[PDB]
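[1] Here is the input, now give the coordinates:
(chains A and B)
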Amino acid sequence: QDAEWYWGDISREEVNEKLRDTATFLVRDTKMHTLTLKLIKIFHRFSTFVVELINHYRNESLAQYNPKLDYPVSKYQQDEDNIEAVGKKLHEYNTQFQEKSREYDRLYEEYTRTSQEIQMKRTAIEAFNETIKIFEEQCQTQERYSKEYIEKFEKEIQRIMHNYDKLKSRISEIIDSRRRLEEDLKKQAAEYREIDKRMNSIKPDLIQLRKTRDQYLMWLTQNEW
Amino acid sequence: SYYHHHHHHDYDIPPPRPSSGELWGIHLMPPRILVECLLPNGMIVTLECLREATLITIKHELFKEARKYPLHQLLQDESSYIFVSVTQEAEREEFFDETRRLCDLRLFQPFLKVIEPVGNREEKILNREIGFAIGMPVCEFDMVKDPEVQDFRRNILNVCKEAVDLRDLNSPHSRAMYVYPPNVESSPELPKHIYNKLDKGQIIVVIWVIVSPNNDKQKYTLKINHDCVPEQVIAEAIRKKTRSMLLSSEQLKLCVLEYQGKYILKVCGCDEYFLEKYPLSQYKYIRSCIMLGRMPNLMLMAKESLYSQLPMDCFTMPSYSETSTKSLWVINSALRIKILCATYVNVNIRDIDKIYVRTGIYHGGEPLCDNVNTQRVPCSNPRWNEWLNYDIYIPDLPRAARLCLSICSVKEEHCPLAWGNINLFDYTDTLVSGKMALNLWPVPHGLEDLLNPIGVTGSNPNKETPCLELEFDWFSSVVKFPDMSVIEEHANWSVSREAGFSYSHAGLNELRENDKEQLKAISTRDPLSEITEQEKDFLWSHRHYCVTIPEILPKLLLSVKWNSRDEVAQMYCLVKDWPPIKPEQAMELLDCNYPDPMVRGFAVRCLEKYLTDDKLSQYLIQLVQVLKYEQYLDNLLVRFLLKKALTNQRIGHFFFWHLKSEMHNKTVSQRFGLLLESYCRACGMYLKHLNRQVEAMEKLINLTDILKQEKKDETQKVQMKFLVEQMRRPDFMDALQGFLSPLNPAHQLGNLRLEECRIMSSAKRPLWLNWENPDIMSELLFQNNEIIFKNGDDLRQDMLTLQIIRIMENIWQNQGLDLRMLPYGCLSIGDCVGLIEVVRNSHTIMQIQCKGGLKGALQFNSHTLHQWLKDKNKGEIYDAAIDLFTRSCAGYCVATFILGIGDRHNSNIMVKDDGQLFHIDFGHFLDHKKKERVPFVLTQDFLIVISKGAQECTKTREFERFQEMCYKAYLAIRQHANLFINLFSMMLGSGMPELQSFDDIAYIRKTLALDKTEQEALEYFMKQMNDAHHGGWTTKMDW
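    Numbering: from 1, shown residues only, chains lettered A, B, ... in the order given. Coordinates below:
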């Protein structure tokens, strides 16, 4: 009657947690008061059958009972006679997720730091551009009122022209600043991609190890590691 | 030798937030800096000015240096023009306040430009306050060209207008009421344990007055019945004051009335008043004073003077102010969605073989089979132009229907790479058609799922992200959801239609079975109990019966098939006139599970009709977060929340801080800013109060930043040298001396006391601040206000637990069980930055042990705690102190176990001088450790205290008493468990790694063992407690 995909008194929550990452059939069962696919209560006394019922809908559509009811997925994973050894092997398998997680989550932070850093630079430029534009307006502003008083070529004009020049040589300095930022933001954007790159590479390795490990752990009969 | 002599060659020796700095790059601008101030003339006079200098002083001296320069005649009289420059947010900001210091401008670069004032509405122009307070320029919003945004701002002011009128309708009583809401409890009837503390409804209260030398104060100690209102209390004080040998009783009685109405009661030493006739006991101060065995100190306050403090709000409106071609049920086709082309997706070519987009239709939880477009164009330049076909007739789409999708890469390599969600109807009840550009979000740390339908609906506003391009079928006309009138017809027709069948099928005979009251049994069930399809049909079939059980309404929506438009139409109608339900019941309806507007709307009306301002403050954190799941910007919950915010300053205060804290969160950045814009525009003179708090927090945020990252690897001595030096500087004196503590704006903060200010030992360099209380009765309450400003940790997890703790105390108190727990004050004011209230005369168990430590080299004598505790409390006190200690200890044991918070050790457990025990630094809160367990384990040390320094303390009357409290208290919480699940469930939005899903919340269920009998649960609760403790927990039950 065990039926290999029968979990006895496994909790409500854990079914969802063993049905975690499933594309499937699994069984649970207040005793005074149940197949999960969509939770359906069963009744031995739901809608001419218990064990045979599972085989009855194993290869048959449940459309008969309800319209919405048009993979056993309880393998014990025999795929190693030493409890400690298989345990050591699964713990050594585990010894990787505990490592794999760390690399995954290390990047997740850098992912975020880099991403925040990026917007900071991103907005910084805007800052420059509008600064930049004002200094332009200023140098343009003087020519209207600069040449307009130019009547002499006595002394004054010569001095003012030198003072006015700083402006064109300051604007030079600033453009160089934004520029210098822009080349870092590129260096950042490219950095950023690589993190996502390596996250999607650990991302699913991290999944398979966690599964067989849980499978090896589930496999034995009595959290050391 | 050790490591099998095997080398590791890899090995060698080798949070974020937008700068709060005065300049870009630099945290602390130098005392003297070079300011290039630009003039209208085209002269760049460069200037050196003090870092803390007024714009006045810079303009005043710029003009002095100006004469000495070319074209002096063109520059006009000072007063004519003003200063403007680019700021750290990339925005040009005109500078109207000339009192503002240079470092307080957050300039991008250290330059200024002079221009004449443009926009005659300088005062209108001066709503930068709003943006300052809000955290982003109001200018940015006007640029936003989305019609929903624009409509939000224009339309939402209805509320603002309405709100303003109520405040000033009954001016000034009414204004003061708004400014200083009465702080009162939920119901007047006092608990019997509270009742016993006073003698046959009698309270001794001290009233203070200042009279004619207006420098001297006079107690009028007196004994009143607790139910007495302040009016009567004011009278009693006037009677006592004016009684005299020359005054006859008639004469005395007449004076009492003339002087009676002229005064109001204010709490001494903090700005809390009593302006509403409630029983004195009902005000919080009063009931605290009772419990703490303290004598109330109210103060007679001249109405005239109090009204003088209030200022005119003077709310002003802002500058900003078809033919329904085909109905949905007309449209006859299956839902179609055309996927075009991803762009920026970045995956290592080698590692992942293929990449595909997966989509599903959703209503919170699915209304048809998810489908995935064929895996294709893996390596790069994905361009699968497939049309996806979803089996659901277009008319059957429910109003709150949303498309959910992600991109995945891959034998089980399944893993999401990006995700996004789209509401299938625009805010105007219109079904969407055409090309759509959707920028996906990155997956959260937690989920292996491929879909993330809880993900906030809408396009990630980060441009430089994977963008997915889409086509929505066009049906020759804009298609709108049907009008309510139209749906009702369909509801009634489908009703009339039911009668005619003969046979019975799985889901619906007329006769209503007494045995099948299973509904009631199911009803009581907690929300996380999965419900079966068989139960679903069962309920659905007896929908009509349930209208008698209003509380079953939420089980009865999860039952509904949202894909069927008939069922939903009928459901809209039940919900229309369904009976009002308890607000805590109603709150479940505003979580991620119930998105339908009709359902939601109903829920708000429960709150509108039945939610007391007291209880709303208690649940205000949850209600702001539920905003994320509301489908559009303009919703009834926001309007409910905004009216309550503008109608009660205390509610508004915390409304603002909770929105502001989340603005860093880019999912809600937009909805919360616009909501802050609304509130700030209309709140009143508070905005100036909030701006002072915001100025202060920014100052502290920048200061701490410098210790945490530039002054690290310095001696505490050097750090405190710096700290003190920096605080004495004038912009700090201005910025922190005079303002309302955000933890509780009743407490006024003035004249920082630097004597008592210091950096704590922690590596995050939390600042410990102490300010003068400027209430004239500083003495009768507290003379010094102390609070801890912490930049580095993420408080909201703590924040939530303290709310949950507070909430357990109330249930227990109101079930007669007197377990006293100190849920100390905590407010998250930004990204991992916060305040924590300071509790005086409270030490960690460890500190106790170190104080009472003998010569050395031994285990500290378990008795030290007891011995320390005995020495503080001597005499008849000692019996009571153990009680308090014992009560608190039992209380925390239950909550801690129920919530499964961080392992407690000597370092995270506090005991007050009086004897009360409290917990701090909860940290992670539902067994996130695993990646059922007793966090709080009473060691020997506690037990000795519990058993008054007995030997072999486990078998004592004292301990027996103790075990009683746990069972009753644990059992008490279990009976209210529904509330806790929703509270948790409502917080799923808030980006908290503990709360990523319903699974997470599910631990509480295990903890309260909602799956067993109450009697079973007590044995199970005893089991774990006996199991963890190693013994003493066994064989007891009810009478």
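[2] what's the first-to-last distance across stretch B:734-745?
    19 Å (C-alpha to C-alpha, to the nearest Å).
[3] now stretch B:175-188
    Start-to-end, stretch B:175-188 (C-alpha to C-alpha) is 25 Å.
[4] buried residues in it?
    Across stretch B:175-188, burial judged by 16 or more other C-beta atoms under 10 Å in any protein chain shown covers B:175, B:176, B:177, B:178, B:179, B:180, B:181, B:182, B:183, B:184, B:185. (C-beta placed from N, C-alpha, C; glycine too.)
[5] For chain A, what's its nearest residue on the stretch 151-300 of chain B.
    Using C-beta to the nearest C-beta, residue B:153 is the residue of the stretch 151-300 of chain B that sits closest to chain A, at 23.0 Å.
[6] what about the helix or strand where that residue lies, distance to the chain center?
    Residue B:153 belongs to helix B:147-169 when elements are defined using DSSP states H and E. Relative to the chain's own centre, helix B:147-169 is displaced by 23 Å; criterion: C-alpha atoms, centre = their mean, to the nearest Å.
[7] packing partners for that helix?
    helix B:173-179, helix B:636-647, helix B:669-683 (3 or more C-beta pairs under 8 Å, 6 or more residues apart in numbering or on different chains; DSSP states H and E).
[8] try it again with 10 Å
    With contacts taken as 3 or more C-beta pairs under 10 Å, 6 or more residues apart in numbering or on different chains; DSSP states H and E, helix B:147-169 sits against helix B:138-143, helix B:173-179, helix B:636-647, helix B:669-683.
[9] okay, those in JSON lines with distance to residue A:28 next?
    Below are the helices and strands packed on helix B:147-169 laid out as JSON lines (distance: least, C-beta to C-beta, whole Å):
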{"stretch": "helix B:138-143", "distance to residue A:28": "52"}
{"stretch": "helix B:173-179", "distance to residue A:28": "55"}
{"stretch": "helix B:636-647", "distance to residue A:28": "37"}
{"stretch": "helix B:669-683", "distance to residue A:28": "41"}
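[10] In chain B, what residue comes closest to chain A?
    For chain B, C-beta to the nearest C-beta, closest residue to chain A: residue B:42, 2.2 Å.
[11] is it true that that residue touches residue B:70?
    Yes: the pair residue B:42 and residue B:70 qualifies as a contact (C-beta atoms under 10 Å) at a distance of 8.8 Å.
[12] higher neighbour count, these two?
    residue B:42 (23 against 20; other C-beta atoms under 10 Å in any protein chain shown).
[13] Near residue B:642, how many other residues are there?
    23.
[14] typed the wrong thing, it's residue B:249
    Other residues close to residue B:249 by other C-beta under 10 Å number 8.
[15] And residue B:807, by the same measure?
    Neighbour tally, residue B:807, other C-beta under 10 Å: 19.
[16] Can you name the residues that contact it?
    Shown in contact with residue B:807 (C-beta atoms under 10 Å, 6 or more residues apart in numbering or on different chains): B:618, B:619, B:823, B:895, B:973, B:976, B:979, B:980, B:983.
[17] Leaving out sequence neighbours, find the closest residue to the second one.
    Leaving aside its sequence neighbours, residue B:619 sits nearest to residue B:587 (C-beta to C-beta, 6 or more residues apart in numbering or on different chains; 6.6 Å).
[18] Hmm, residue B:625 and that neighbour touching each other?
    No: contact criterion C-beta under 10 Å: residue B:587 and residue B:625 do not qualify, at 11.5 Å.
[19] any common contacting residues for the two?
    residue B:986.
[20] thinking again about what came up before, tally of neighbours for the residue of the stretch 151-300 of chain B closest to chain A?
    20.
[21] Pick out the most distant pair among the contacts of residue B:807.
    B:619 and B:895 (18.1 Å; C-beta to C-beta).
[22] Relative to residue B:525, how far out is the residue of the stretch 151-300 of chain B closest to chain A?
    43 Å (C-beta to C-beta, to the nearest Å).
[23] Kindly report the same for residue B:385.
    For residue B:385, the distance to residue B:525 - C-beta to C-beta - is 48 Å.
[24] These two: who's more crowded?
    Taking other C-beta under 10 Å, residue B:385 and residue B:525 do not tie; residue B:525 has more neighbours (14 against 11).
[25] doesn't residue B:1010 make contact with the more buried one?
    Yes: with contacts counted by C-beta under 10 Å, residue B:525 reaches residue B:1010, the gap being 8.3 Å.
[26] overlap in contacts of these two?
    What both residue B:525 and residue B:1010 touch, as defined by C-beta under 10 Å, 6+ apart, is the set residue B:978.
[27] Leaving out chain neighbours, which residue sits closest to whatever residue of chain A ends up closest to chain B?
    Going by C-beta to the nearest C-beta, chain B is nearest to residue A:142 of chain A, at 2.2 Å. Using C-beta to C-beta, 6+ apart and skipping residues adjacent in sequence, the residue nearest residue A:142 is residue B:42, 2.2 Å away.
[28] Give the closest residue to residue B:915 in space, chain neighbours not counted.
    residue B:881 is the one closest to residue B:915 (C-beta to C-beta, 6+ apart), at 3.3 Å.
[29] give me the number of residues near that neighbour?
    Residue B:881 has 20 nearby residues by other C-beta under 10 Å.
[30] Now do the end-to-end distance for stretch B:45-58.
    Using C-alpha to C-alpha, first and last residues of stretch B:45-58 are 12 Å apart.
[31] is chain A contacted by that stretch?
    Yes: with C-beta under 10 Å from any C-beta of the partner chain as the criterion, chain A is reached by stretch B:45-58 at B:45, B:46.
[32] Go through that stretch and flag the buried ones.
    B:45, B:47, B:49, B:50, B:51, B:52, B:53, B:54, B:55, B:57, B:58.
[33] Contacts only, for the fourth one.
    Put plainly, it is residue B:50. By C-beta under 10 Å, 6+ apart, the neighbours of residue B:50 are B:30, B:31, B:32, B:33, B:57, B:58, B:101, B:102, B:103, B:730.
[34] just to revisit the earlier point, between residue B:42 and residue B:70, which contacts overlap?
    A:142, A:145, A:146, A:160, A:163, A:164.
[35] Against residue B:137, how distant is residue B:711?
    32 Å.
[36] quick one: which of those two has more around it?
    Shown here are residue B:711 and residue B:137; by other C-beta under 10 Å, residue B:137 has more neighbours (21 against 17).
[37] Surely that one touches residue B:94?
    No: counting by C-beta under 10 Å, residue B:137 stays clear of residue B:94, with 11.8 Å between them.
[38] who touches both of these two?
    residue B:128.
[39] pretty sure residue B:589 is touching residue B:606, no?
    Yes: using C-beta under 10 Å, residue B:589 makes contact with residue B:606 at a distance of 7.8 Å.
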